[PDB]
Amino acid sequence: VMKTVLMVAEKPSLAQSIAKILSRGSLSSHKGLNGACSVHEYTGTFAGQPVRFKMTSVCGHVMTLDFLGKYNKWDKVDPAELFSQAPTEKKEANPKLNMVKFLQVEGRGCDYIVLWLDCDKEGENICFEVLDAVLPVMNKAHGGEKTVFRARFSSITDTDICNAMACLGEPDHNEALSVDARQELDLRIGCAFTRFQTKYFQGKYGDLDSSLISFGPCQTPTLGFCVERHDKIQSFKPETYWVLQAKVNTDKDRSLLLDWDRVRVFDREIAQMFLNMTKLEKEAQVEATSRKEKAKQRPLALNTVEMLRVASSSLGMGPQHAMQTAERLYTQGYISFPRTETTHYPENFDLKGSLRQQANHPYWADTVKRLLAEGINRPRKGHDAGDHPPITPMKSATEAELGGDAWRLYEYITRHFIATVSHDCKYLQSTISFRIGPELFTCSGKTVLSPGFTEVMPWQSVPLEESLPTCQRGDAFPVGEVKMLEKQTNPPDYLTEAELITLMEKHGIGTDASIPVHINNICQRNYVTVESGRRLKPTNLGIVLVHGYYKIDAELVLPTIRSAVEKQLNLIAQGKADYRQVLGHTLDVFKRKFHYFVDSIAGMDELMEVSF
Amino acid sequence: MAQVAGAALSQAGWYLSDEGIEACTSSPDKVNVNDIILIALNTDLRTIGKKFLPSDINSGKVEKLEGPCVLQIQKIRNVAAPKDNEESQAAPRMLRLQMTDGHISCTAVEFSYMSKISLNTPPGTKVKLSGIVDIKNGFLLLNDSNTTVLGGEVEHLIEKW
DNA sequence: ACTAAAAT
Ligand SMILES: [Mn+2]
Ligand SMILES: [Mn+2]
């Protein structure tokens, strides 16, 4: 044994994959003390001399930020004391897995360290935590040589991993400090506000004992969206439409419905005048005929957000249940990594191979074989964010081995994958325009030409209707009767889970692996209730919370504040700011705001008297 | 000279009572019908002007408007979208106009696309109607040909919140 | 008892 290097990955599966790819099939595997982390050993070359590679993995975050003693037990420190006087430390998360001791024992005697962690922002923090754990126990450097290394990768293919090993770099302390500052700020603000709220409202309003009222940079805006929807529903007054429609018949038992060019009229007398201008008539002339081709775009790659949206809108699944099922499928080895926000396929990918694997299931075998015979289509281009490749099938499952929820998710994933590589949908749309006296109506229809991804995603199909009769300009037809209909504008309905997710994504509230957690949190704190149709309905306590926050200080329930704080904190990452100089200022502004909030609580207090 | 000045303004179609004409301008040694017109186009028509709209025009038994007319808009409302959404591109634009001259108020309907009169047009704007205008059910039909828009601000005491 | 991040 001359020299050994150590590699750390963020998932055990990814660790095994990289070890297999770079070890060319020769491995020596061993089980560590944790029982969920494995150590792989193999020989190779690193920097001109033979080196023994030792590969291992850590499970997600290793340390989490918390308070010391005497301050983590409430009823002993004033909440305002937490803002700028409470000592802070880092303690292990998931203590059952002795990650720190495992890293020390497995890194003892190592010389070089290589970090195959994720390329996102929340990866370099794990990077520097691992360095703080491992650097104390390691052979001291010689001369002026660089020891710590980092690798950049996107996919888990042979060429990508080998090139990533070929070219290496260094980590970014200024990037890690941004995440550290965010953690500190979030913990301070949340623990400051929640304690005061739940210590004031609990003991003075009856049936809120043994209840928790929580505040934070995500839960509160999430509740704000739903209560804004509730207010909009509560403050809607109906109006009255007046739509005019008439029917024209050409052959016996062949009538045709028409639509007015001016869709709506809101004045009864005006509508009556238009009707009287049309009712006593017997001809129908033809003005113009239309015939254009069009295409329905094939779906892009699959993201976690779109998975959650479709699961909650078509399969009757909550976001947390969907995430658990997806994680189980990943662990068993049926789908790729299920927490990604990249919608662009990697350049090097065995698309043909993955498609050829699913060439035996009776549900889509014909389409798979036809695509393989006639050549596949290139995927639709999209956004890339490093991170991980999109969600694709890996093995061939059946109805039997999986059951219920797992199969219902697997079918949708496989169908989406097959559709994203198939052709488009081509349909011709024919619109014919008739003239009745002084007014003109139109009617439109569609007909299919060559179905594409519709053959695999029927719910996106083009409905079939009888083809519009062919006519030339100048033809005249008889009209049956011209009549009016009265309608009322409909009020909006409560938010659905899909709408809440798409509102969360654009404003920056939450992330790819926190939306289910936040939704489930606001459901567990009895802030909202899930009704029929997977609709989130605000309850009395949440309505009071937001209607008080707006009256007292409005930026708390405001989606833009999280984006503003993130933009301000990015300066630390870019190297154009100072850590303390930013953190102290951003904590001082919030401290002043909280000190105002505590003295302006009577306004929110006088709002719960009309309820519990 | 006012005897010929009245005939000139009538031929131009700017019908307005002689007392109002005298009020607008009182013989600065010359009528100067041009400056009379310019001064009028920034004056409220309710105070000054004669009554010439056909009686019971708001009923449904006139069916005709012959000769040229001058009218003043009062309120403009888009009857194609609810008051909640004052401009939604879900239906084509369609405007109802509340015009006046003297003692009688009349209602008009767009019936085509006219770019001259927009939702932002302030009240008091003067409209000239030329030729023959159709009245259907007490509603005046406003074709693009038989309209002329002449501006002028008198009291834009209107605020949208 | 809090908050918000990753992972199985
Ligand atoms: Mn990760
Ligand atoms: Mn992410």
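Rules of the game
- Residues numbered from 1 in each chain as written, not as in the entry; some residues may be left out.
- Chains lettered and ligands numbered in written order.
- Heavy atoms only, no water.
- UniProt positions renumbered as here; feature names shortened; annotations may be inferred.
- Axes fitted to C-alpha atoms, helices over the stretch in contact; angles between N-to-C directions.
- Helix = DSSP H or I, 4+ residues; strand = E, 2+ residues; numbered from the N terminus.
- Parallel < 35°, antiparallel > 145°, perpendicular 65-115°, else oblique.
- Left-handed = near helix turned anticlockwise from the far one by under 90°.
- Contact = heavy atoms within 4.5 Å.
- Nonpolar A, V, L, I, M, F, W, Y, C, P; charged D, E, K, R; others polar.
- Donors = N, O, S within 2.8 Å, 3.2 Å for Na, K, Ca; no water.
- Buried < 20%, exposed > 50% of the residue type's maximum accessible area, 1.4 Å probe, protein only.
- Buried area = accessible area lost by both parts, 1.4 Å probe.
- Salt bridge = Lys/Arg side-chain N within 4 Å of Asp/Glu carboxyl O.
- Pairing = 2+ DSSP bridges.

As annotated in the PDB entry, chain B is Tudor domain-containing protein 3 from Homo sapiens.

In the annotation of the PDB entry, chain A is listed under the name DNA topoisomerase 3-beta-1 and assigned to Homo sapiens. Of the comments in the UniProt record for chain A, the one headed Catalytic activity reads "ATP-independent breakage of single-stranded DNA, followed by passage and rejoining." Under Sequence similarities, UniProt gives the following word-for-word description of chain A: "Belongs to the type IA topoisomerase family."

A. Structural context of the packing of helix α5 (residues 173-200) of chain A against helix α17 (residues 579-599) of chain A. Residue and element names in this part refer to chain A. Look at α5 against α17: their axes get within 11 Å of each other, and the N-to-C directions meet at 15 degrees. Looking at the two axes, α5 sits roughly parallel to α17. For α5 against α17, the interelement crossing comes out right-handed. On α17, the residues touching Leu177, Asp180, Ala181, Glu184, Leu185, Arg188, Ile189, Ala192, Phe193, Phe196 and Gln197 of α5 are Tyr579, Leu583, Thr586, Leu587, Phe590, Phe594, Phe597 and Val598. Of the residues belonging to the contact of α5 with α17, the class tally is 14 nonpolar, 2 polar and 3 charged.

B. Broad picture of the coordination of the manganese ion (ligand 2). All names here are of chain A. Distances from the manganese ion (ligand 2) to its protein donors, namely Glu341 (OE) and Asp512 (OD), fall within the range 2.0 to 2.2 Å. Taken together, the residues span a long stretch of sequence, with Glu341 in the loop between α9 (319-332) and α10 (351-357) and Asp512 in the loop between α13 (497-507) and α14 (515-524) at a distance of 171 residues. With relative accessibility at 18%, the residue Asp512 sits in the buried group.

C. The coordination of the manganese ion (ligand 1), seen in detail. Residue and element names in this part refer to chain A. At 2.1 to 2.2 Å from the manganese ion (ligand 1) lie its protein donor atoms, namely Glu10 (OE) and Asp118 (OD). Here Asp118 lies in the loop between β7 (112-116) and α3 (121-134) and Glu10 lies in the loop between β1 (4-9) and α1 (12-23), a separation of 108 residues in the sequence. Judged by relative accessible area, which is 12%, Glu10 ranks as buried.

D. Broad picture of the interface of chain B and chain A. On the side of chain A, 15 residues touch chain B, which itself brings 16 residues to the contact. With both chains or domains summed, chain B and chain A bury close to 1500 Å², and 72% of this area falls on carbon and sulfur atoms. At the surface where chain B touches chain A, the tally comes to 1 salt bridge. The closest approach of N and O atoms between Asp267(A) and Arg96(B), which form a salt bridge, is 3.5 Å.

E. Representation of the sheet that holds strand β7 (residues 139-141) of chain B. All names here are of chain B. Strands sit in the order β7-β4-β3-β2-β5-β8 across an open sheet of 6 strands; the sheet is mixed. Each edge of the open sheet is held by one strand with a lone partner, namely β7 and β8 (148-150). Strand-to-strand twist in this sheet, taken as the mean axis angle between neighbours without regard to direction, amounts to 40 degrees. Alignment of strand β4 (residues 104-109) against β7, held across 3 bridges, turns out to be parallel. Among the inter-strand pairings, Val109 is bridged to a residue of β7, identified as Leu141.

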